[PDB]
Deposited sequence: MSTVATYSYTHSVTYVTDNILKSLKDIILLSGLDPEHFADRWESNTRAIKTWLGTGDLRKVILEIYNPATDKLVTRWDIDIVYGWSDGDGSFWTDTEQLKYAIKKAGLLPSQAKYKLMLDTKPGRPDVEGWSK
């Protein structure tokens, strides 16, 4: 049950960067290619920052998929909590590694993307 806490004791930009850094660590430790996540850093930052600030962000979801068939390999959910936390979190990456190899794939043979689960009334954000 991975939780990321946005505590208002910290700035939303710092919290956002720490969330992404914790996700980057998961991607790295799982053996996945980190390039896509780096390319998406600016857009992921904009959406997470904005929807943390409005309170609309509910979960950040890392979706691993098989690019040969485009079917889901596994999902890793990060639940968001708000209070008065720095955004950073740590988990056992074995779950991700295990799911990838269970699909008969090397991590260099899988792809991934971030999904953001929001309250339905949330404002639209450029790029999302």
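The deposited sequence has C-alpha coordinates everywhere except the stretches 1, 86 to 87, 132 to 133.
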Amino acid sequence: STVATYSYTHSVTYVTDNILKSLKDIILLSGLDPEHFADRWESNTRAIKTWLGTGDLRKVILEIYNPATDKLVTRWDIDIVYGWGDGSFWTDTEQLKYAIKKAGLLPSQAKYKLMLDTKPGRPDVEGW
From here on, numbers count along this sequence of modelled residues.
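When 44 to 52 is weighed against 59 to 67, 59 to 67 comes out higher, by mean CA B-factor as recorded in the entry. The PDB entry reports B-factors from which the mean C-alpha value can be compared for 26 to 34 and 98 to 106; the larger average falls on 98 to 106. Per-chain ranking of the deposited C-alpha B factor places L72 in the highest third.
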